[PDB]
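Text of data22.cif, listed as mmCIF, N, CA and C atoms:
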```
data_protein
loop_
_atom_site.label_atom_id
_atom_site.label_comp_id
_atom_site.auth_asym_id
_atom_site.auth_seq_id
_atom_site.Cartn_x
_atom_site.Cartn_y
_atom_site.Cartn_z
N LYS A 1 0.82 -1.23 0.00
CA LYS A 1 0.00 0.00 0.00
C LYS A 1 0.85 1.27 0.00
N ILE A 2 1.97 1.22 -0.71
CA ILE A 2 2.84 2.38 -0.85
C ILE A 2 2.36 3.21 -2.03
N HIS A 3 2.13 4.49 -1.80
CA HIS A 3 1.76 5.41 -2.87
C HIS A 3 2.92 5.58 -3.84
N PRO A 4 2.74 5.29 -5.14
CA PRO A 4 3.86 5.37 -6.08
C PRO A 4 4.34 6.79 -6.37
N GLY A 5 5.37 6.89 -7.20
CA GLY A 5 5.88 8.17 -7.63
C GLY A 5 5.05 8.88 -8.67
N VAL A 6 4.02 8.22 -9.20
CA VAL A 6 3.14 8.83 -10.18
C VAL A 6 1.72 8.81 -9.63
N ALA A 7 0.90 9.71 -10.17
CA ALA A 7 -0.49 9.85 -9.78
C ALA A 7 -1.35 9.51 -10.98
N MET A 8 -2.34 8.65 -10.77
CA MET A 8 -3.15 8.11 -11.85
C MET A 8 -4.51 8.80 -11.85
N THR A 9 -4.91 9.32 -13.00
CA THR A 9 -6.29 9.77 -13.18
C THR A 9 -7.00 8.72 -14.01
N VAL A 10 -8.18 8.33 -13.57
CA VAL A 10 -8.88 7.20 -14.17
C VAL A 10 -10.08 7.72 -14.94
N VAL A 11 -10.13 7.40 -16.23
CA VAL A 11 -11.14 7.92 -17.14
C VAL A 11 -12.00 6.77 -17.62
N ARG A 12 -13.32 6.93 -17.50
CA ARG A 12 -14.25 5.93 -18.01
C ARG A 12 -15.43 6.62 -18.68
N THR A 13 -15.85 6.07 -19.81
CA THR A 13 -17.12 6.49 -20.39
C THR A 13 -18.28 5.95 -19.57
N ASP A 14 -19.46 6.49 -19.85
CA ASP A 14 -20.67 6.05 -19.18
C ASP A 14 -21.82 6.16 -20.16
N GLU A 15 -22.64 5.12 -20.21
CA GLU A 15 -23.82 5.08 -21.05
C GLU A 15 -25.04 5.31 -20.18
N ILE A 16 -25.83 6.32 -20.53
CA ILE A 16 -27.00 6.70 -19.75
C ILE A 16 -28.20 6.74 -20.68
N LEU A 17 -29.18 5.88 -20.41
CA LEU A 17 -30.40 5.82 -21.21
C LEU A 17 -31.25 7.03 -20.83
N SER A 18 -31.28 8.03 -21.70
CA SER A 18 -32.12 9.19 -21.45
C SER A 18 -33.54 8.95 -21.93
N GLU A 19 -34.41 9.88 -21.57
CA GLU A 19 -35.79 9.92 -22.06
C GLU A 19 -36.00 11.33 -22.59
N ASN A 20 -35.92 11.50 -23.91
CA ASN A 20 -35.75 12.83 -24.46
C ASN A 20 -37.09 13.53 -24.69
N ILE A 21 -37.03 14.85 -24.79
CA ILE A 21 -38.18 15.70 -25.07
C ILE A 21 -37.92 16.44 -26.37
N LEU A 22 -38.88 16.38 -27.29
CA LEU A 22 -38.81 17.08 -28.56
C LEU A 22 -39.75 18.28 -28.53
N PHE A 23 -39.30 19.40 -29.08
CA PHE A 23 -40.17 20.52 -29.40
C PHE A 23 -40.05 20.83 -30.88
N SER A 24 -41.10 21.43 -31.44
CA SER A 24 -41.08 22.01 -32.78
C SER A 24 -42.22 23.00 -32.86
N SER A 25 -42.02 24.10 -33.58
CA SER A 25 -43.04 25.14 -33.61
C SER A 25 -44.16 24.78 -34.57
N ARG A 26 -45.15 25.65 -34.61
CA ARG A 26 -46.22 25.54 -35.59
C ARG A 26 -45.67 25.86 -36.97
N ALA A 27 -46.01 25.01 -37.95
CA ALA A 27 -45.49 25.04 -39.32
C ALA A 27 -43.97 25.03 -39.33
N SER A 28 -43.41 24.11 -38.55
CA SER A 28 -41.97 23.86 -38.57
C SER A 28 -41.55 23.30 -39.92
N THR A 29 -42.28 22.31 -40.41
CA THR A 29 -42.05 21.75 -41.73
C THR A 29 -43.34 21.81 -42.54
N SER A 30 -43.29 21.21 -43.72
CA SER A 30 -44.45 21.11 -44.59
C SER A 30 -44.36 19.81 -45.36
N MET A 31 -45.39 18.99 -45.26
CA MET A 31 -45.38 17.67 -45.88
C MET A 31 -46.20 17.67 -47.16
N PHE A 32 -45.54 17.33 -48.26
CA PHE A 32 -46.20 17.10 -49.54
C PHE A 32 -46.45 15.60 -49.62
N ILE A 33 -47.56 15.17 -49.04
CA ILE A 33 -47.89 13.76 -48.97
C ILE A 33 -48.72 13.40 -50.19
N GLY A 34 -48.22 12.46 -50.98
CA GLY A 34 -48.91 12.02 -52.17
C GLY A 34 -49.75 10.79 -51.91
N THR A 35 -50.58 10.45 -52.89
CA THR A 35 -51.45 9.30 -52.76
C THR A 35 -50.64 8.01 -52.89
N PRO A 36 -50.83 7.04 -52.00
CA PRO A 36 -50.05 5.80 -52.09
C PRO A 36 -50.58 4.87 -53.16
N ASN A 37 -49.71 3.95 -53.58
CA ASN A 37 -50.01 3.07 -54.69
C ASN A 37 -50.15 1.62 -54.24
N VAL A 38 -50.49 0.76 -55.20
CA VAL A 38 -50.69 -0.67 -54.96
C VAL A 38 -49.94 -1.44 -56.03
N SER A 39 -49.11 -2.39 -55.60
CA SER A 39 -48.44 -3.32 -56.49
C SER A 39 -48.63 -4.72 -55.93
N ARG A 40 -49.38 -5.57 -56.65
CA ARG A 40 -49.62 -6.93 -56.19
C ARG A 40 -48.33 -7.73 -56.26
N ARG A 41 -47.77 -8.04 -55.10
CA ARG A 41 -46.51 -8.77 -55.06
C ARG A 41 -46.76 -10.28 -55.17
N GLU A 42 -47.52 -10.83 -54.23
CA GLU A 42 -47.76 -12.27 -54.16
C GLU A 42 -49.18 -12.54 -54.63
N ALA A 43 -49.31 -13.06 -55.85
CA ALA A 43 -50.60 -13.48 -56.39
C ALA A 43 -50.78 -14.98 -56.13
N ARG A 44 -50.74 -15.33 -54.85
CA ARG A 44 -50.86 -16.70 -54.37
C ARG A 44 -52.28 -17.21 -54.61
N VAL A 45 -52.41 -18.54 -54.60
CA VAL A 45 -53.73 -19.15 -54.53
C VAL A 45 -54.25 -19.21 -53.10
N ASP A 46 -53.41 -18.92 -52.11
CA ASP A 46 -53.80 -18.99 -50.71
C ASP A 46 -54.31 -17.65 -50.20
N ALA A 47 -53.47 -16.61 -50.25
CA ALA A 47 -53.87 -15.27 -49.84
C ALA A 47 -53.02 -14.27 -50.60
N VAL A 48 -53.66 -13.21 -51.09
CA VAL A 48 -53.00 -12.23 -51.94
C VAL A 48 -52.34 -11.18 -51.06
N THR A 49 -51.08 -10.86 -51.36
CA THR A 49 -50.31 -9.87 -50.62
C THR A 49 -50.11 -8.65 -51.50
N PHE A 50 -50.71 -7.53 -51.13
CA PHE A 50 -50.50 -6.26 -51.80
C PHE A 50 -49.48 -5.46 -51.01
N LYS B 1 -18.96 -79.78 -54.94
CA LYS B 1 -20.37 -80.12 -54.67
C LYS B 1 -20.51 -80.89 -53.35
N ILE B 2 -19.71 -80.49 -52.37
CA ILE B 2 -19.66 -81.12 -51.06
C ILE B 2 -20.41 -80.23 -50.08
N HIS B 3 -21.20 -80.85 -49.20
CA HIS B 3 -22.05 -80.10 -48.29
C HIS B 3 -21.22 -79.35 -47.27
N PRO B 4 -21.47 -78.06 -47.06
CA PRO B 4 -20.84 -77.36 -45.94
C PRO B 4 -21.51 -77.71 -44.63
N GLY B 5 -21.04 -77.15 -43.53
CA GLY B 5 -21.64 -77.48 -42.25
C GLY B 5 -22.97 -76.82 -42.00
N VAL B 6 -23.27 -75.75 -42.72
CA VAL B 6 -24.48 -74.99 -42.48
C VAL B 6 -25.40 -75.17 -43.68
N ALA B 7 -26.65 -74.77 -43.49
CA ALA B 7 -27.61 -74.71 -44.57
C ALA B 7 -28.05 -73.27 -44.72
N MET B 8 -28.94 -73.04 -45.68
CA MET B 8 -29.38 -71.70 -46.00
C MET B 8 -30.90 -71.65 -45.98
N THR B 9 -31.45 -70.45 -45.81
CA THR B 9 -32.86 -70.20 -46.09
C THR B 9 -32.84 -69.04 -47.09
N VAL B 10 -32.75 -69.37 -48.36
CA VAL B 10 -32.64 -68.37 -49.41
C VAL B 10 -33.97 -67.66 -49.57
N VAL B 11 -33.96 -66.34 -49.42
CA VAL B 11 -35.18 -65.54 -49.44
C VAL B 11 -35.05 -64.50 -50.53
N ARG B 12 -36.04 -64.45 -51.42
CA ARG B 12 -36.17 -63.38 -52.40
C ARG B 12 -37.59 -62.84 -52.35
N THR B 13 -37.82 -61.74 -53.04
CA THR B 13 -39.17 -61.23 -53.23
C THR B 13 -39.52 -61.36 -54.70
N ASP B 14 -40.81 -61.48 -54.99
CA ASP B 14 -41.30 -61.66 -56.35
C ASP B 14 -42.38 -60.64 -56.64
N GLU B 15 -42.10 -59.72 -57.55
CA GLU B 15 -43.11 -58.76 -57.92
C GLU B 15 -44.12 -59.39 -58.87
N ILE B 16 -45.31 -58.81 -58.90
CA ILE B 16 -46.36 -59.23 -59.82
C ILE B 16 -47.27 -58.05 -60.13
N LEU B 17 -47.42 -57.75 -61.42
CA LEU B 17 -48.34 -56.70 -61.84
C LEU B 17 -49.74 -57.27 -61.85
N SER B 18 -50.61 -56.74 -61.00
CA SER B 18 -51.95 -57.29 -60.82
C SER B 18 -52.98 -56.26 -61.25
N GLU B 19 -53.80 -56.62 -62.23
CA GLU B 19 -54.96 -55.82 -62.57
C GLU B 19 -55.96 -55.91 -61.43
N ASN B 20 -56.26 -54.80 -60.79
CA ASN B 20 -57.08 -54.83 -59.60
C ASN B 20 -58.46 -54.24 -59.86
N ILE B 21 -59.37 -54.54 -58.94
CA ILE B 21 -60.73 -54.03 -58.98
C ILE B 21 -60.98 -53.28 -57.69
N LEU B 22 -61.40 -52.02 -57.81
CA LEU B 22 -61.67 -51.16 -56.67
C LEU B 22 -63.18 -51.00 -56.54
N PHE B 23 -63.69 -51.14 -55.33
CA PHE B 23 -65.09 -50.92 -55.04
C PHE B 23 -65.23 -49.86 -53.97
N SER B 24 -66.27 -49.04 -54.10
CA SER B 24 -66.62 -48.09 -53.04
C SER B 24 -68.11 -47.85 -53.09
N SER B 25 -68.73 -47.71 -51.93
CA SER B 25 -70.17 -47.51 -51.84
C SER B 25 -70.54 -46.09 -52.23
N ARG B 26 -71.83 -45.86 -52.41
CA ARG B 26 -72.28 -44.53 -52.76
C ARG B 26 -72.24 -43.62 -51.54
N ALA B 27 -71.98 -42.33 -51.81
CA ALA B 27 -71.84 -41.28 -50.80
C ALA B 27 -70.80 -41.65 -49.74
N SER B 28 -69.64 -42.11 -50.19
CA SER B 28 -68.60 -42.52 -49.26
C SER B 28 -67.89 -41.31 -48.67
N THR B 29 -67.66 -40.29 -49.49
CA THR B 29 -66.94 -39.09 -49.07
C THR B 29 -67.70 -37.84 -49.50
N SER B 30 -67.46 -36.75 -48.78
CA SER B 30 -67.94 -35.44 -49.20
C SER B 30 -66.77 -34.58 -49.65
N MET B 31 -66.99 -33.84 -50.73
CA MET B 31 -65.91 -33.13 -51.40
C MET B 31 -66.31 -31.69 -51.67
N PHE B 32 -65.37 -30.80 -51.36
CA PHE B 32 -65.51 -29.37 -51.63
C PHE B 32 -64.55 -29.06 -52.78
N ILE B 33 -65.10 -28.73 -53.94
CA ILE B 33 -64.28 -28.45 -55.11
C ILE B 33 -63.96 -26.96 -55.13
N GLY B 34 -62.71 -26.63 -54.85
CA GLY B 34 -62.28 -25.26 -54.96
C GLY B 34 -62.15 -24.82 -56.41
N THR B 35 -62.36 -23.54 -56.62
CA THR B 35 -62.25 -22.97 -57.96
C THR B 35 -60.79 -22.97 -58.39
N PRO B 36 -60.49 -23.40 -59.61
CA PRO B 36 -59.11 -23.36 -60.11
C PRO B 36 -58.60 -21.94 -60.27
N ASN B 37 -57.32 -21.77 -59.96
CA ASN B 37 -56.71 -20.45 -59.96
C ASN B 37 -55.32 -20.55 -60.56
N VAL B 38 -54.93 -19.49 -61.27
CA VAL B 38 -53.73 -19.49 -62.10
C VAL B 38 -52.66 -18.66 -61.41
N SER B 39 -51.40 -19.05 -61.61
CA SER B 39 -50.28 -18.31 -61.06
C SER B 39 -49.07 -18.51 -61.95
N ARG B 40 -48.43 -17.41 -62.34
CA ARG B 40 -47.18 -17.52 -63.07
C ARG B 40 -46.06 -17.90 -62.12
N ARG B 41 -45.11 -18.68 -62.62
CA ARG B 41 -43.99 -19.13 -61.80
C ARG B 41 -42.67 -18.54 -62.26
N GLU B 42 -42.27 -18.80 -63.50
CA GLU B 42 -40.99 -18.35 -64.01
C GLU B 42 -41.26 -17.54 -65.26
N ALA B 43 -41.23 -16.21 -65.12
CA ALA B 43 -41.48 -15.29 -66.23
C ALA B 43 -40.26 -15.25 -67.14
N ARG B 44 -40.12 -16.30 -67.94
CA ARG B 44 -39.04 -16.39 -68.91
C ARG B 44 -39.28 -15.39 -70.04
N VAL B 45 -38.19 -14.82 -70.56
CA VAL B 45 -38.30 -13.88 -71.67
C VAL B 45 -38.68 -14.60 -72.95
N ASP B 46 -38.34 -15.89 -73.06
CA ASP B 46 -38.82 -16.65 -74.20
C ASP B 46 -40.25 -17.12 -74.00
N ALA B 47 -40.47 -17.96 -72.99
CA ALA B 47 -41.76 -18.60 -72.80
C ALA B 47 -42.04 -18.74 -71.31
N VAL B 48 -43.03 -17.98 -70.83
CA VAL B 48 -43.32 -17.89 -69.40
C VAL B 48 -43.85 -19.22 -68.89
N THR B 49 -43.36 -19.64 -67.72
CA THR B 49 -43.74 -20.90 -67.12
C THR B 49 -44.96 -20.67 -66.24
N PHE B 50 -46.11 -21.13 -66.69
CA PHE B 50 -47.35 -20.92 -65.95
C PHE B 50 -47.49 -21.96 -64.85
#
```
Let me see the structure of the file written as structure tokens.
Amino acid sequence: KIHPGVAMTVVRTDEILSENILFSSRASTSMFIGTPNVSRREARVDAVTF
Amino acid sequence: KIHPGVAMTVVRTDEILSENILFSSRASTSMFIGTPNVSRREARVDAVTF
């Protein structure tokens, strides 16, 4: 338990799960949302997947 | 052509093609006939595999 001739500083990262809060003003962005489409992918005899 | 100490029980199987007669009574089974449905499998550029 002899204190050495050098002094050690110990550095460690830390991970902290935050719970964040978002703000945005009125008309912060503007969405040009278009009409969605349909493409029949699976034309199965069992059940059709669009 | 001298007898050994042991004997054998030679076993083979014999196939036979038999014309058979099947009988079943009336109303033996109930059947739900689904509508036939088409599906492409391999869309070949020459000749599509239906």
Residues of chain A within 7 Å of chain B, only N, CA and C atoms counted, as a list in words: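 Residues passing the distance filter: residues 43, 44 and 45 of chain A.
The coordinates place atom N of residue A:47 at 25.6 Å from atom C of residue B:29.
All C-alpha atoms of chain A, paired in order with those of chain B and superposed by least squares, deviate by 3.2 Å RMSD.
With atom CA of residue B:48 on one side and atom CA of residue A:50 on the other, the separation reads 22.3 Å.
Pairwise distance (atom N of residue B:42, atom CA of residue A:49) equals 17.6 Å.
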